[PDB]
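Below you'll find only one chain, the form deposited in one PDB entry, shown as structure tokens.
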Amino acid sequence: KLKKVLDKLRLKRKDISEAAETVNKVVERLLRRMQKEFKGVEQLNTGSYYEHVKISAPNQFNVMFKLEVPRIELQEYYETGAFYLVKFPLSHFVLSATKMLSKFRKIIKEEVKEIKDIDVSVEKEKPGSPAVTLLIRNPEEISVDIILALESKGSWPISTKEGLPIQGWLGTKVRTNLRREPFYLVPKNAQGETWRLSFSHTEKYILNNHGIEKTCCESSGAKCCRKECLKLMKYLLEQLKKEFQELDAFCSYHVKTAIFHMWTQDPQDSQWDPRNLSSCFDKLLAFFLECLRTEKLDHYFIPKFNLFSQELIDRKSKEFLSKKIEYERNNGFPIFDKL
């Protein structure tokens, strides 16, 4: 039943090949153009495709163009925890996010203009968004969200001190090492000079290193169903989102965040046995429903930032989604059979 839904959601090797061939061509060319400002940006592949939790089709790719910036001093934007002003080549741009993003965007647009071999344009800017989004066609439509990121090597900002609570799951050495990696700021505004913390590199490591046992999902270990539960939850939200515009405030990052909390609460690999796929997916739904009822879903890395605060999503939107989730749950998920 759920195994059959997963088969439908499984990407095809043929489609992966053709999509990657084109995406890589464009990304490689844009990256080269950035190397003569922005000289020295490096590529960092992130999100669902590179975490192996993309579903249905290879039609959405996420790439960070990270740029190492020396001595930078952060000031937290009021008490938000996730948003910062940045202070001290890039003198052209207090470091303005929208100004930097504009130049980044312009360069990208100029280079896409010179691309004749592939059918590719740049999507109209969504205000406040950090992304420069490319729309490709080898007939099939493919999105590429290209994210400018500042890389900083200092200690992570104080607001994350008590975040990433993996100690009982992945452990203290993993946590200490992860927090020795750089941190990232992307120009998602809150206004025009604000940046937002990104942990896409950390999320990627976790997705690919997700077990309490080192062998989880390896050739000489036991398969778990952690990723399959993530896929099913993503698909449920995607399907619901297609039908009801009441759910515009919700995104896949809410699901990702929720499952991180679940994986922390249930650290044992044996609590995610493939044979218990139903129970596992069900307990995930129950957890997400408690998050909705209590209007509380803390950022996994920034515990004081509630993604489900009133200020961000209306009670009515949360109650709408609850009713819709409870319905699918108690009727054998008819929405999975939809197209």
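The numbering used is simple: start at 1 and walk along the sequence shown. If you superpose the two forms and keep the largest set of C-alpha atoms that fall within 1.5 Å, you have the rigid core.
Same protein, other form: the form deposited in another entry, not shown, and the subject of what follows.
Only one candidate in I136, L247, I206, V174 has its Cα displaced by 2 Å or more between the shown form and the other one after core superposition: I136. Once you line up the core between the shown form and the other one, the Cα of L11 ends up 2 Å or more from where it was. A movement of the C-alpha atom of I118 reaching 2 angstroms or beyond is seen between the shown form and the other one when the two forms are aligned on their rigid core.
For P58, a C-alpha deviation of 2 angstroms or more is recorded between the shown form and the other one after rigid-core alignment. Here's the thing about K126 and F250: their CA atoms end up at least 3 Å farther apart in the other entry than they are in this form. Inter-residue distance, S129 to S159 (Cα): increased by at least 3 Å in the other entry versus the depicted form.
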